[PDB]
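One chain comes next, on its own, written out as structure tokens in the form deposited without ligand 3ID.
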């Protein structure tokens, strides 16, 4: 029944003391118990935590990064909320503070004395240094970055810096004998406030700190006017102009915990109790976000408003985001490596077969396109959000998830439409496809209204033509969110492996990976869903009209298809009627949006360019199409793109997911969520908040 205490790791005597005061006032409040371990630096608590010596530590975005690295694999449990001068935020701006009448601009720091919050931190290191890499004249990774910074600045205070090999990096630090340059508040020049005093005491000429730092130390506007900010456009703006004059906007500090057995619940209960009891003016007996004057930011960021629980899927990579990850990873990669990445396009293939095809595409493109892979579509989208992949073609259904996560539709799939297949395609207005409900003509007893208790074959959960459209219509007539109970048994890759929805799925050939939402599952997709109906594993298949047309009448000669005939199949019309597969225009459940390639709005324009070239060479009229590679063909397996894609067209203005998918379908997808939500969709609610 009983649950133990959160062991909090401290990095200095001042911090231990604060922690003890915290543990003490916590038990006096008859609230969750705390304990305080004692290590000498945040890097040490990362280590202490991963080895189960401790359980929690607040870390700056930059150390979150290091903490998540492989040997430790820690994850951000709770994110601090801050000032903002307006709306509280889980982000902040890194800025460069200098005194007035110093003269230099951002591009003239060579030879300046500089004060840093500490080695590895967002505003004090990762951000300023990545901004000045271009003036560092640094080989790249082989040669230690500290050797570069040490040669650029005349002397500095970068706590946690190697003062033995690079003493210029520790030179400005005031600290006693071995206190000097310490990676804790022992070194008076450590932290936002430390880097500030190092500036204000004339030890350094520029301070790399947070946007609040100046105001936290100079409560009087008259004092602040003796200071300015170095804007990345080589101008100097007042300290209150950080919104315009910052080197970057980084994610807030965060309480990190082990990925496995980290006791996130214990940690959250503790922190939730702490804000309520000792946060913003709650108490007077103890203030959580307040520290002694000698040393600031003890255990937590002084004057933070509180914390927000970080959902569970979120790891450090997603917590930090592409923009931050890239810049951090960039300080550990060569110039040739960084530029290489920026010029290629990394596609995210879902499952084993798409990856092979992607491999072909990479080799055949001379590496303009490289690949990244994952077992499911959500995983790929996360990859796009971490910045490890650049794009992927998605179904209307996942364009929604993608759009809720801030990704935008770049170009759309235009199936070999029919009017005039001249160069109309790239500018032909995308026209969608009809989602249909297919059944064997044989089973004539079956009508839309007798689906209850029947068996179902679905392309996948989350997908338009299958899932979203039928389930949307059904939820309207049954009023029930019990989706696994309408159809007696079903195959809907992506569902709970032990629920009826995964009952008719077959996995790969040796029957493994049953229900996986990727090609391994033979019943996955439009093709698989139709097959499920054909091999009589299910009674109704939710696919698009064309799927039948492409696998009957021998067009698909795979054994199971080979002998099929479009006559053996009929469609279920919403009005209880039944029309041949050809009458779909008057017998469909809906008109869906074509799949679309998505990426960060950031990479969209490049992505477009590489894609117009790639498809001009291997597309529908690709000269090297039959010859060396066809981007839109894959033997009826619809890998990477649908096999009937004529080309990837323009959006006709529909550049946001809402515009693209349209109002109705976006709404319809929202009603369904009343029943079920996804972990990615939530991780993103937090991140894009």
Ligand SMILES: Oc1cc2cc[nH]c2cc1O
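Numbering follows the first chain given and starts at 1.
What comes next is about the form deposited with ligand 3ID bound, which does not appear here.
K.L.:
Of the options 296, 186, 316, 519, which one has a non-hydrogen atom that comes within 4.5 Å of ligand 3ID in the deposited complex?
P.N.:
Checked against the cut-off, the match is 519.
K.L.:
State the residue from 649, 631, 661, 57 whose non-hydrogen atoms include one within 4.5 Å of ligand 3ID in the deposited complex.
P.N.:
The residue from 649, 631, 661, 57 that makes the contact is 57.
K.L.:
Although the partner isn't part of this model, could you tell me whether residue 45 comes within 4.5 Å of ligand 3ID in the deposited complex, counting any heavy atom of the residue?
P.N.:
Heavy-atom contact with ligand 3ID at 4.5 Å: present for residue 45.
K.L.:
Using heavy atoms and a 4.5 Å limit, would one call residue 354 a contact residue for ligand 3ID in the deposited complex?
P.N.:
Yes, residue 354 is a contact residue.
K.L.:
Given that ligand 3ID is not shown alongside this chain, does residue 639 nevertheless sit within 4.5 Å of it in the deposited complex, heavy atom to heavy atom?
P.N.:
Residue 639: yes, in contact with ligand 3ID in the deposited complex.
K.L.:
Does residue 9 make contact with ligand 3ID in the deposited complex, using a 4.5 Å heavy atom cut-off?
P.N.:
Because a heavy atom of residue 9 falls inside 4.5 Å of ligand 3ID in the deposited complex, the answer is yes.
K.L.:
Pick the stretch from 399 to 407, 564 to 572, 299 to 307, 597 to 605 whose residues have a heavy atom within 4.5 Å of ligand 3ID in the deposited complex.
P.N.:
That would be 299 to 307.
K.L.:
At a 4.5 angstroms cut-off on non-hydrogen atoms, which residues of 523 to 538 are near ligand 3ID in the deposited complex? List them in order.
P.N.:
524, 525, 526 sit within 4.5 Å of the partner.
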